[PDB]
Amino acid sequence: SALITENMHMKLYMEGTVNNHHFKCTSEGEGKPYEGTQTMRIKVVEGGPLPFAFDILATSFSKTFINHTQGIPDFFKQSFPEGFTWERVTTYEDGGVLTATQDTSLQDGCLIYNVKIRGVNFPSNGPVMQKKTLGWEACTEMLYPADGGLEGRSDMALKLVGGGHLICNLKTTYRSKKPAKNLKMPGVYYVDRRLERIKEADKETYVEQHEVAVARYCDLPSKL
């Protein structure tokens with residue numbers, strides 16, 4: 001009856017290109033969906049070492065593991081057993097652009113992610129291609145219902161060697177594989193998110209990554 005249990009496991013396969021460099025990854029992990037925490041152990045299995053900072057792939061390895069507090073209707077957990085998809089455009093302020101499309105199915109009690117990456121115009125002398133990145137700041141995503149699906153908007157800050165940040169923006173469309181007759185859509189809400197790199201080995205051809213993610217309505221006083 002309940003398909004998303006207290007502890008869930010993941011398998012993931014990813015394939016793409018950045019600028020003109022092909023590659024493939026696999027990853028494997030586990031998390032607690034209702035606590036909104038999760039870990040992925042990732043391997044670059046083709047085309048590594050990558051000639052770009054791994055950070056730009058980070059947001060592409062898990063929407064099921066968000067703590068939907070306050071009885072906010074959970075669009076992603078509801079979509080099972082059919083599952084869902086996301087597609088995203090991340091636009092860097094220094095030219096780089098990264099689209100990704102994703103499929104999330106459930107199979108024998110294991111979440112299965114199939115990702116596809118397409119990056120273009122990352123400046124060759126930029127911090128991404130010259131590997132001067134130190135992971136991401138935390139962020140807030142705004143989700144809102146749109147066309148029987150959900151949309152996400154967010155700005156993210158990539159730390160740089162030397163103190164600075166390079167900023168990017170994310171437009172995400174989330175689509176449920178489940179008939180809209182069976183889904184109870186949420187209002188506008190907000191996910192607070194902290195995505196962190198735990199460990200890495202061999203020039204980022206092995207990376208461990210963690211996320212904590214908690215959904216909430218705006219908690220400030222209203223006057224309307």
# chains A, B, ... in the order shown; residues from 1 in each chain; ligands from 1
>>> residues_around(residues="residue A:87", least_positions_apart="5", cutoff="12 Å", atoms="only C-alpha atoms", output="PyMOL selection string")
chain A and resi 59-60+98-104+114-118+149-152+170-176
>>> closest_atom_pairs(of="stretch 135-198 of chain A", to="stretch 206-214 of chain A", cutoff="9 Å", atoms="only C-alpha atoms", output="JSON lines")
{"residue": "A:190", "atom": "CA", "partner": "A:214", "partner_atom": "CA", "distance": 8.3}
{"residue": "A:191", "atom": "CA", "partner": "A:214", "partner_atom": "CA", "distance": 5.4}
{"residue": "A:192", "atom": "CA", "partner": "A:214", "partner_atom": "CA", "distance": 5.3}
{"residue": "A:193", "atom": "CA", "partner": "A:213", "partner_atom": "CA", "distance": 4.3}
{"residue": "A:194", "atom": "CA", "partner": "A:212", "partner_atom": "CA", "distance": 5.3}
{"residue": "A:195", "atom": "CA", "partner": "A:211", "partner_atom": "CA", "distance": 4.5}
{"residue": "A:196", "atom": "CA", "partner": "A:210", "partner_atom": "CA", "distance": 5.2}
{"residue": "A:197", "atom": "CA", "partner": "A:209", "partner_atom": "CA", "distance": 4.5}
{"residue": "A:198", "atom": "CA", "partner": "A:208", "partner_atom": "CA", "distance": 5.2}
>>> write_last_selection(atoms="N, CA and C atoms", output="mmCIF file, in the first residue's frame")
data_model
loop_
_atom_site.group_PDB
_atom_site.id
_atom_site.type_symbol
_atom_site.label_atom_id
_atom_site.label_comp_id
_atom_site.auth_asym_id
_atom_site.auth_seq_id
_atom_site.Cartn_x
_atom_site.Cartn_y
_atom_site.Cartn_z
ATOM 1 N N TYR A 190 7.567 26.426 -1.148
ATOM 2 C CA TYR A 190 8.999 26.669 -1.218
ATOM 3 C C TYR A 190 9.785 25.516 -0.607
ATOM 4 N N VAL A 191 10.807 25.041 -1.321
ATOM 5 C CA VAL A 191 11.730 24.009 -0.840
ATOM 6 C C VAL A 191 13.073 24.645 -0.501
ATOM 7 N N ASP A 192 13.518 24.480 0.749
ATOM 8 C CA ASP A 192 14.865 24.844 1.166
ATOM 9 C C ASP A 192 15.729 23.624 1.015
ATOM 10 N N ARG A 193 16.932 23.827 0.517
ATOM 11 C CA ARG A 193 17.713 22.748 -0.042
ATOM 12 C C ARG A 193 19.157 23.018 0.322
ATOM 13 N N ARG A 194 19.879 21.986 0.753
ATOM 14 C CA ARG A 194 21.330 22.092 0.949
ATOM 15 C C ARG A 194 22.047 20.892 0.314
ATOM 16 N N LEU A 195 22.731 21.160 -0.793
ATOM 17 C CA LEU A 195 23.390 20.141 -1.591
ATOM 18 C C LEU A 195 24.885 20.266 -1.344
ATOM 19 N N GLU A 196 25.502 19.178 -0.895
ATOM 20 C CA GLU A 196 26.890 19.222 -0.438
ATOM 21 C C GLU A 196 27.714 18.039 -0.953
ATOM 22 N N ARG A 197 28.970 18.305 -1.306
ATOM 23 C CA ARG A 197 29.890 17.247 -1.686
ATOM 24 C C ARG A 197 30.585 16.695 -0.455
ATOM 25 N N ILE A 198 30.460 15.385 -0.258
ATOM 26 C CA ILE A 198 30.991 14.705 0.918
ATOM 27 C C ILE A 198 32.447 14.256 0.721
#
>>> select_by_dssp(residues="stretch 3-158 of chain A", states="helix (DSSP H, G or I)", output="number ranges by chain")
A: 54-56, 58-60, 75-78
>>> write_last_selection(atoms="C-alpha atoms", output="compact mmCIF listing (two decimals), in the first residue's frame")
# COMPACT_ATOMS: atom_id res chain seq x y z
CA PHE A 54 31.62 18.43 -11.49
CA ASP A 55 29.46 21.01 -9.63
CA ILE A 56 27.52 21.71 -12.84
CA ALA A 58 25.24 18.19 -9.06
CA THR A 59 21.59 19.28 -9.35
CA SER A 60 21.02 16.42 -11.81
CA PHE A 75 3.33 15.73 -5.98
CA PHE A 76 6.35 13.46 -6.29
CA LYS A 77 5.51 10.83 -3.69
CA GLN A 78 1.94 10.69 -5.00
>>> closest_residue(among="A:34, A:6, A:13, A:41", to="residue A:200", atoms="only C-alpha atoms")
A:41
>>> closest_residue(among="A:162, A:179, A:127, A:109", to="residue A:52", atoms="only C-alpha atoms")
A:127
>>> closest_residue(among="A:113, A:65, A:122, A:84", to="residue A:97", atoms="only C-alpha atoms")
A:122
>>> atom_distance(atom1="atom CA of residue A:7", atom2="atom CA of residue A:86")
22.6 Å
>>> atom_distance(atom1="atom CA of residue A:205", atom2="atom CA of residue A:120")
21.0 Å
>>> residues_around(residues="residue A:29", least_positions_apart="4", cutoff="10 Å", atoms="only C-alpha atoms", output="list in words")
residues 8, 9, 10, 11, 12, 38, 39, 40, 41, 42, 111, 208, 209 and 210 of chain A
>>> write_last_selection(atoms="N, CA and C atoms", output="compact mmCIF listing (two decimals), in the first residue's frame")
# COMPACT_ATOMS: atom_id res chain seq x y z
N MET A 8 14.67 4.34 1.45
CA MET A 8 14.58 3.99 0.03
C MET A 8 15.97 3.98 -0.63
N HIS A 9 16.16 3.07 -1.59
CA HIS A 9 17.44 2.94 -2.28
C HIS A 9 17.37 3.49 -3.69
N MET A 10 18.51 3.87 -4.24
CA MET A 10 18.56 4.43 -5.59
C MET A 10 19.60 3.77 -6.48
N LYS A 11 19.27 3.68 -7.77
CA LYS A 11 20.21 3.35 -8.85
C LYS A 11 20.01 4.42 -9.92
N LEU A 12 21.10 4.88 -10.53
CA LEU A 12 20.99 5.96 -11.51
C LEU A 12 21.97 5.78 -12.66
N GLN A 38 19.39 12.33 1.81
CA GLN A 38 19.83 11.32 0.86
C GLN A 38 21.30 11.42 0.50
N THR A 39 21.89 10.27 0.23
CA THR A 39 23.24 10.20 -0.28
C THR A 39 23.36 9.41 -1.59
N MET A 40 24.19 9.92 -2.49
CA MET A 40 24.48 9.29 -3.76
C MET A 40 25.98 9.04 -3.84
N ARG A 41 26.39 7.83 -4.23
CA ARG A 41 27.79 7.53 -4.52
C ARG A 41 27.95 7.36 -6.03
N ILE A 42 28.61 8.33 -6.65
CA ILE A 42 28.63 8.47 -8.10
C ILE A 42 29.96 8.05 -8.71
N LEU A 111 14.25 3.08 -6.42
CA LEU A 111 14.06 4.23 -7.28
C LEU A 111 15.10 4.20 -8.40
N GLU A 208 30.90 11.61 -3.83
CA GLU A 208 29.82 11.34 -2.90
C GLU A 208 29.13 12.67 -2.63
N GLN A 209 27.81 12.65 -2.63
CA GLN A 209 27.02 13.86 -2.64
C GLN A 209 25.86 13.67 -1.70
N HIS A 210 25.51 14.71 -0.94
CA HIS A 210 24.41 14.65 0.04
C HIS A 210 23.43 15.78 -0.18
>>> select_by_dssp(residues="stretch 16-218 of chain A", states="strand (DSSP E)", output="ChimeraX atom specification")
/A:16-18,21-32,37-46,67-68,84-92,97-107,110-120,133-136,139-145,150-160,165-176,189-201,206-216
>>> closest_residue(among="A:138, A:158, A:224, A:183", to="residue A:57", atoms="only C-alpha atoms")
A:158
